[PDB]
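**Student:**
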Amino acid sequence: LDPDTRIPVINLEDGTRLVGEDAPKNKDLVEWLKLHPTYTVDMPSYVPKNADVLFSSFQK
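Position 6 (the sequence shown) corresponds to 2568 in the deposited numbering; numbering is contiguous.
Here is the structure:
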């Protein structure tokens, strides 16, 4: 994914949901996550591509 790819997430406690363009950037994603340990990813599936759909062994 692009570091600019928006990641649709939601904070369950505050009830804030950020999807689409309001969703945080993939680069800031990790930082936002540390600020929100009470968050949950709203959509855990981005785009099934290439060979990522074979197995689930995420070595790389």
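The beta carbon of each residue, even a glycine, is placed where N, CA and C say it ideally should be.
(1) The beta strand (DSSP E) that contains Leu2580, what's its start and end?
(2) Following the continuous alpha helix (DSSP H) through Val2592, name the residue where it begins and the one where it ends.
(3) Quick check: the Cα distance between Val2603 and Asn2612, rounded to an integer number of angstroms?
(4) Along the chain, where does the beta strand (DSSP E) that runs through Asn2573 open and close?
(5) Can you tell which of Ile2569, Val2609, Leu2563, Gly2577 has the C-alpha that lies nearest to the C-alpha of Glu2593?
**Tutor:** Let's see:
(1) 2578-2580
(2) 2588-2597
(3) 23 Å
(4) 2571-2573
(5) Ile2569
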